[PDB]
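Chains as they are written, first to last, in the authors' numbering: chain g, 14 to 111; chain c, 16 to 118; chain V, 8 to 113; chain h, 32 to 121; chain d, 28 to 122; chain a, 43 to 134; chain e, 39 to 135; chain b, 20 to 102; chain f, 25 to 102.
Beta carbons are placed, not taken as given, at the ideal position from N, Cα and C, and that holds for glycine.
Some notes on the structure that comes next.
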Amino acid sequence: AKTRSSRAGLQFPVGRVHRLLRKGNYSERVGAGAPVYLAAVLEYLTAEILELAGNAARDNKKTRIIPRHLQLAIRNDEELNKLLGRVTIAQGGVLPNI
Amino acid sequence: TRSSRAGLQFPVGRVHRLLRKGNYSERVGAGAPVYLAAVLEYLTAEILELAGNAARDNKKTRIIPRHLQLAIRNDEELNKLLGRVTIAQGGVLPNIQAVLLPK
Amino acid sequence: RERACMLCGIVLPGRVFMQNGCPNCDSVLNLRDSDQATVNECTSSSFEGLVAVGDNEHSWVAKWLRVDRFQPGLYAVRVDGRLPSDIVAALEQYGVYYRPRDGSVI
Amino acid sequence: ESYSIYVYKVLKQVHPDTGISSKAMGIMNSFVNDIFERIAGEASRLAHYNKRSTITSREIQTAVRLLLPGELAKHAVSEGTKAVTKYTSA
Amino acid sequence: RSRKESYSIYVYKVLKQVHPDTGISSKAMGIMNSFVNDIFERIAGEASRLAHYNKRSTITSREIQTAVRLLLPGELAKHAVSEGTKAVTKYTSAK
Amino acid sequence: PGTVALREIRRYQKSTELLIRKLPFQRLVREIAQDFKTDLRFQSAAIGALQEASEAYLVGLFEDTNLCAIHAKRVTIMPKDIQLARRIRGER
Amino acid sequence: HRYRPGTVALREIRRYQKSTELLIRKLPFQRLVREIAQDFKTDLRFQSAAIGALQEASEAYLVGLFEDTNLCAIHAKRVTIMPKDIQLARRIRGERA
Amino acid sequence: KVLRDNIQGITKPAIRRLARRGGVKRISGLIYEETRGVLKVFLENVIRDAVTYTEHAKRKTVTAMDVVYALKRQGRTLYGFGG
Amino acid sequence: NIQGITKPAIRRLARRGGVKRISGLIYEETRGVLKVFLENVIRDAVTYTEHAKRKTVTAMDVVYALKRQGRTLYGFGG
DNA sequence: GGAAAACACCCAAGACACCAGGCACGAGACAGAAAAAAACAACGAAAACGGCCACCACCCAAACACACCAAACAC
DNA sequence: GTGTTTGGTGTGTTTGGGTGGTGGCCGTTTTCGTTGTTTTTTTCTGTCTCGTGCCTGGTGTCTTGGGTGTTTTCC
Ligand SMILES: [Zn+2]
Numbered sequence: 014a015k016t017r018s019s020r021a022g023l024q025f026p027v028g029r030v031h032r033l034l035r036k037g038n039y040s041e042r043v044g045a046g047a048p049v050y051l052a053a054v055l056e057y058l059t060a061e062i063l064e065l066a067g068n069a070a071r072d073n074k075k076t077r078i079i080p081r082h083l084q085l086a087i088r089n090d091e092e093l094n095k096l097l098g099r100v101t102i103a104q105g106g107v108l109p110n111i
Numbered sequence: 016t017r018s019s020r021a022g023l024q025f026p027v028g029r030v031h032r033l034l035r036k037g038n039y040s041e042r043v044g045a046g047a048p049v050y051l052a053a054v055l056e057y058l059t060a061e062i063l064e065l066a067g068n069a070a071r072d073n074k075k076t077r078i079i080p081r082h083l084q085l086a087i088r089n090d091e092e093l094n095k096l097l098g099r100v101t102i103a104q105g106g107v108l109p110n111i112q113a114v115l116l117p118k
Numbered sequence: 008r009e010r011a012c013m014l015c016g017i018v019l020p021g022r023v024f025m026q027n028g029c030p031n032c033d034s035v036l037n038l039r040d041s042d043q044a045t046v047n048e049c050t051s052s053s054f055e056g057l058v059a060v061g062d063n064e065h066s067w068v069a070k071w072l073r074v075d076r077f078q079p080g081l082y083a084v085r086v087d088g089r090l091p092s093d094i095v096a097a098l099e100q101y102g103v104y105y106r107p108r109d110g111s112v113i
Numbered sequence: 032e033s034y035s036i037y038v039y040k041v042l043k044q045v046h047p048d049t050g051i052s053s054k055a056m057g058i059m060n061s062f063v064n065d066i067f068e069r070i071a072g073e074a075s076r077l078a079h080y081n082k083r084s085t086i087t088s089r090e091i092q093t094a095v096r097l098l099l100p101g102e103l104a105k106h107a108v109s110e111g112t113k114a115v116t117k118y119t120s121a
Numbered sequence: 028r029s030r031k032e033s034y035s036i037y038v039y040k041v042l043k044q045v046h047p048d049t050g051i052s053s054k055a056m057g058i059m060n061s062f063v064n065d066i067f068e069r070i071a072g073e074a075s076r077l078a079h080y081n082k083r084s085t086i087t088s089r090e091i092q093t094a095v096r097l098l099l100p101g102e103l104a105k106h107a108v109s110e111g112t113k114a115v116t117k118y119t120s121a122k
Numbered sequence: 043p044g045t046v047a048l049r050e051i052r053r054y055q056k057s058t059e060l061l062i063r064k065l066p067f068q069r070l071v072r073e074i075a076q077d078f079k080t081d082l083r084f085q086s087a088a089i090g091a092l093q094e095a096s097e098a099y100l101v102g103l104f105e106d107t108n109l110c111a112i113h114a115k116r117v118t119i120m121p122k123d124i125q126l127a128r129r130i131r132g133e134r
Numbered sequence: 039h040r041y042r043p044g045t046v047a048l049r050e051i052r053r054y055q056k057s058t059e060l061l062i063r064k065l066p067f068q069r070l071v072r073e074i075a076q077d078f079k080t081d082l083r084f085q086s087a088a089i090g091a092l093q094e095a096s097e098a099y100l101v102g103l104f105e106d107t108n109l110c111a112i113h114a115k116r117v118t119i120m121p122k123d124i125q126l127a128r129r130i131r132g133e134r135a
Numbered sequence: 020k021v022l023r024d025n026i027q028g029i030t031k032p033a034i035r036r037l038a039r040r041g042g043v044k045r046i047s048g049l050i051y052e053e054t055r056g057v058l059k060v061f062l063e064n065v066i067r068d069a070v071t072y073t074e075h076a077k078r079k080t081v082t083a084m085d086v087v088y089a090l091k092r093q094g095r096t097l098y099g100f101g102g
Numbered sequence: 025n026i027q028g029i030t031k032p033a034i035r036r037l038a039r040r041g042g043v044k045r046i047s048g049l050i051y052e053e054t055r056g057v058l059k060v061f062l063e064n065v066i067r068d069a070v071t072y073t074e075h076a077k078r079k080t081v082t083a084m085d086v087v088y089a090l091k092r093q094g095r096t097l098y099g100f101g102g
């Protein structure tokens with residue numbers, strides 16, 4: 014298992030996250046599991062969002078996810094919308110709410 | 016000292032060291048700390064001028080947090096700059112709404 | 008890339024169906040107002056027998072293909088795939104009877 | 032650089048019969064970059080708060096605790112600890 | 028012992044420069060120290076973000092000036108830019 | 043009176059398309075930018091992002107204005123509701 | 039004699055927009071802070087300055103909220119603040135969803 | 020060529036559409052001007068920053084990233100256009 | 025311990041906030057809002073404390089937690 | 001806060017017209033890249049005074065006691 | 001109004017501890033050349049932004065009707 018992703022069972026690039034941690038001016042040194050931990054969290058969060066985006070694209074009888082479904086997924090989830098309350102989504106529209 | 020050379024009262028060496036040790040950029044040019052010390056000195060001078068005015072208005076010779084709060088919330092540009100900060104023991108400006116005043 | 012609208016039998020590019028919808032079936036299908044899944048379920052790119060109709064009123068072929076009340080253009084003798092059960096029920100709600108053009112029903 | 036192939040990987044892992052538009056991938060890339068910036072900035076802020084010059088997984092864990100809300104934080108912490116534990120084991 | 032730095036003496040110098048017959052409480056000196064630290068942090072963060080946006084390794088007076096321009100309101104920004112340019116030119120002309 | 047308004051509400055909440063016309067908005071943006079630097083060029087994506095942000099902002103503001111107007115036990119939004127909303131939001 | 043209801047209220051408003059002293063009893067607030075904190079970790083100690091900062095921030099927040107509440111109440115053409123006024127103000131700030 | 024008073028290119032039906040998407044049922048005739056001013060003050064605040072970025076990069080073209088940074092600076096993070 | 029915030033104290037805070045008349049449910053509403061606010065701030069502070077591996081909650085932890093929310097406070101050592 | 005009057009604001013329906021919009025082509029400023037070229041920032045070092053800590057003494061205004069003032073509400 | 005009379009601002013003498021100033025020292029800014037590279041500089045390519053032009057009709061909009069929902073009034 015040459016890749017750090019395989020060694021961790023991940024899909025995101027551990028090496029790019031490490032590179033970004035170093036060439037990003039956050040600290041003089043970086044651990045060895047800090048990039049791994051952050052990549053795991055990021056992959057989990059993207060999967061979490063993609064779950065609801067797939068749900069929303071399937072609720073609109075659509076096979077492809079578009080910005081509308083990402084907007085719906087984010088603005089319909091209590092925790093994601095609290096996390097992402099100050100983020101504008103392009104072509105996301107609004108939620109039908111009368 | 017580098018403050019005298021620039022006709023300043025704020026420290027240039029201290030500010031340069033804080034910029035250097037703050038992980039802000041790989042390197043720091045030499046015209047940034049002089050400029051920043053001048054800006055900070057100007058802003059503190061403005062604050063202290065208005066706070067001294069506010070303390071004299073109350074006929075006091077020493078600035079307390081109340082005068083800082085009054086000076087900040089009374090100046091439009093500063094109040095826009097310090098719009099989210101709360102000052103401990105600063106109070107509020109005296110402000111009674113028009114409709115609550117007696118008739 | 009061209010697809011054949013299952014209901015009326017017209018053949019137009021799939022992107023045209025998505026962007027503008029069926030000029031004839033929009034009164035009952037709302038193809039433009041429908042997602043890609045519904046567009047595929049009502050417009051199929053797999054078909055046979057390209058047909059060009061000039062005058063719907065007097066063409067016996069158009070009457071034989073039941074397209075004499077539609078816009079002249081590209082039409083397909085046989086279209087692969089049928090309308091879904093939910094869309095069939097929705098059309099039956101409107102009072103319109105759907106006759107498949109797949110050839111398996113005659 | 033973009034996270035598009037990784038989002039495809041995650042999507043097919045999660046939703047084999049769903050596809051993503053170009054704009055939705057742009058949004059996802061913006062989201063990933065934004066979250067990385069937030070978390071890394073908070074980790075640096077913590078390191079400075081505690082007079083440290085290294086970002087270790089503890090700083091990242093408590094940064095995730097600060098940023099994410101309760102249940103989200105709990106699940107993300109579990110995911111990160113699982114991944115770090117298995118990377119250490121391997 | 029604990030030789031920790033602050034801006035108290037500089038705040039006092041500025042006070043005696045603007046208001047000779049006015050003192051300052053310790054709590055107000057604390058507020059002024061917190062204010063100085065805050066403004067430093069804001070300006071340095073903006074300058075860092077700008078340098079990294081423009082792919083530069085150096086924080087010069089241009090970055091500081093444009094962060095000041097972005098951050099302060101019209102008259103305040105104008106006076107601050109005047110002050111900074113004056114000080115920079117006075118510092119550079121001498122040595 | 044009152045049905046087509048609900049139909050328009052429903053329609054526009056179902057959609058995402060920008061509501062301000064693109065070229066009048068482009069010219070307005072150029073006119074405003076003409077104060078900050080003379081004879082500027084603009085990327086198209088810059089104008090698109092600006093229009094998306096402006097419409098999102100205005101829609102949120104209209105949401106808050108409707109909330110205030112309903113609070114006042116009304117149904118018609120008036121400029122003082124917008125003013126109250128911008129005051130409470132902390133806008134200058 | 040007797041004052042109209044609201045005259046002593048305005049005298050108090052003038053008195054309290056002038057002063058800066060904390061309007062909550064300190065010990066109840068300290069006990070409340072420890073009770074709340076005890077739901078995250080038992081046997082916690084607090085420097086007195088931490089409680090002071092918490093009390094200052096909480097009162098400052100509440101006063102700003104009361105200002106917004108007054109704005110809402112006067113907008114509705116009323117004078118008495120109500121829980122619905124608070125809920126509307128907290129929603130409009132972006133504090134309540 | 021100089022642009023003069025193009026705020027009225029935000030037609031009244033456009034403002035009505037923005038209000039309807041916002042959930043407004045009955046719109047006062049003075050709203051449209053209110054809104055117009057508000058939008059002006061917003062755009063003037065965003066553009067002033069975007070231009071500030073463009074001039075600091077010693078450029079002559081306003082890029083999409085300049086807009087993205089100006090919005091990010093105001094807490095207006097925008098997904099879809101970069102970030 | 026939330027009833028230690030008596031009605032007169034909430035009245036004092038509303039009067040400094042300019043409130044002339046007060047309903048009867050405002051007191052419970054204010055207790056709930058304050059509890060939520062304090063909960064958030066203390067959650068952040070306790071997170072900071074646990075991370076710093078301490079058993080005492082300092083004023084710096086509160087100040088960083090308020091800086092996290094955006095409620096910057098001057099005069100406590102910042 | 002509820003009930004009551006009522007009026008005119010805003011929407012709604014309609015026809016007329018504009019210019020946005022759509023597309024195109026042309027031109028080229030300026031952006032992106034490349035190659036060149038140097039002063040500037042970092043490094044070590046030595047260097048000296050400013051800024052820190054201690055400690056001292058004075059007087060602003062905190063405090064307590066008097067008073068005139070001038071709004072409050074009663075009449 | 002007319003009136004007494006509660007509220008609040010102005011005034012004075014008294015206390016003191018915290019503001020201010022001054023001595024001692026140590027550590028951090030300072031002056032400095034060299035190193036090395038991030039800049040600046042110049043020159044070149046070429047995309048896309050500006051620039052303009054035509055035609056269509058989606059859209060903008062001017063206006064009559066009018067009703068409902070806002071503002072006021074009484075209790
Ligand atoms: Zn059809």
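Beta-bridge pairing of residue i - partner residues as DSSP gives them
i             : result
residue 98/f  : 102/c
residue 11/V  : 18/V, 51/V
residue 126/a : None; residue 126/a has no bridge partner.
Simplified DSSP assignment, three categories, for residue i
i            : result
residue 61/e : coil
residue 16/g : coil
residue 59/V : strand
residue 67/d : helix
residue 51/V : strand
residue 79/c : coil
Cβ separation of residue i and residue j, assumed to be a contact under 8 Å, to the nearest whole Å
i             : j            : result
residue 104/g : residue 41/b : 18 Å between Cβ atoms; not a contact.
residue 48/V  : residue 94/V : 6 Å
residue 42/h  : residue 36/h : Wrong, their Cβ atoms sit about 11 Å apart, outside the cutoff.
residue 53/b  : residue 66/a : Not confirmed; about 19 Å, so no contact.
residue 42/g  : residue 85/h : 4 Å
residue 69/b  : residue 89/b : 4 Å
residue 110/h : residue 47/g : Actually they do not touch by this definition, with Cβ atoms about 15 Å apart.
Query - Short-range partners of chain c found in the stretch 41–71 of chain e, where Cβ spacing is below 9 Å - result: Those residues of the stretch 41–71 of chain e that come within reach of chain c (Cβ to Cβ, closer than 9 Å) are 42, 44, 45, 47, 48, 51, 52, 54, 55, 56, 57, 58, 59, 60.
Report task. Give the residues from the stretch 76–91 of chain c that approach chain f closer than 9 Å (Cβ to any Cβ), ordered along the chain. Result -> Result list: 80, 83.
Report task. Assess, as a yes-or-no matter, whether the stretch 64–80 of chain a is touched by the stretch 53–62 of chain b under the definition of 3 or more beta carbon pairs within less than 8 Å. Result -> The answer is yes - the stretch 64–80 of chain a touches the stretch 53–62 of chain b, with three or more Cβ pairs under 8 Å.
Query raised in the report: Can you find at least 3 beta carbon pairs, one from the stretch 51–65 of chain c and one from the stretch 57–77 of chain d, that sit closer than 8 Å?
Result: With a cut-off of 8 Å, the stretch 57–77 of chain d and the stretch 51–65 of chain c count as touching, because enough Cβ pairs lie within range.
Query - Under 8 Å (Cβ pairs) to chain h, residues found in the stretch 64–78 of chain f - result: Closer than 8 Å at the C-beta level to chain h, one finds these residues of the stretch 64–78 of chain f: 68, 71, 72, 74, 75, 76.
Query raised in the report: Looking at C-beta atoms only, is the number of pairs between the stretch 50–69 of chain a and the stretch 18–25 of chain V that lie closer than 8 Å three or more?
Result: At 8 Å Cβ cutoff, the stretches do not touch.
Requested in this report: Mind the definition here: the stretch 30–46 of chain b touches the stretch 92–108 of chain a only if three or more C-beta pairs lie below 8 Å; say whether that holds.
Outcome: Yes: the two stretches touch, three or more of their Cβ pairs being nearer than 8 Å.
**Report entry** Residues in the stretch 39–59 of chain f having any Cβ partner in chain e nearer than 9 Å
**Finding:** Going along the stretch 39–59 of chain f in chain order, one finds 39, 40, 41, 42, 43, 44, 45, 46, 47, 49, 50, 52, 53, 54, 57, 58, 59 with a Cβ nearer than 9 Å to chain e.
Query raised in the report: Should the stretch 113–132 of chain a be called in touch with the stretch 26–33 of chain f, which here means at least 3 C-beta pairs below 8 Å?
Result: The stretch 113–132 of chain a is not in contact with the stretch 26–33 of chain f.
Query raised in the report: Is the stretch 91–104 of chain g in contact with the stretch 97–113 of chain h, if contact means three or more CB pairs nearer than 8 Å?
Result: At 8 Å Cβ cutoff, the stretches touch.
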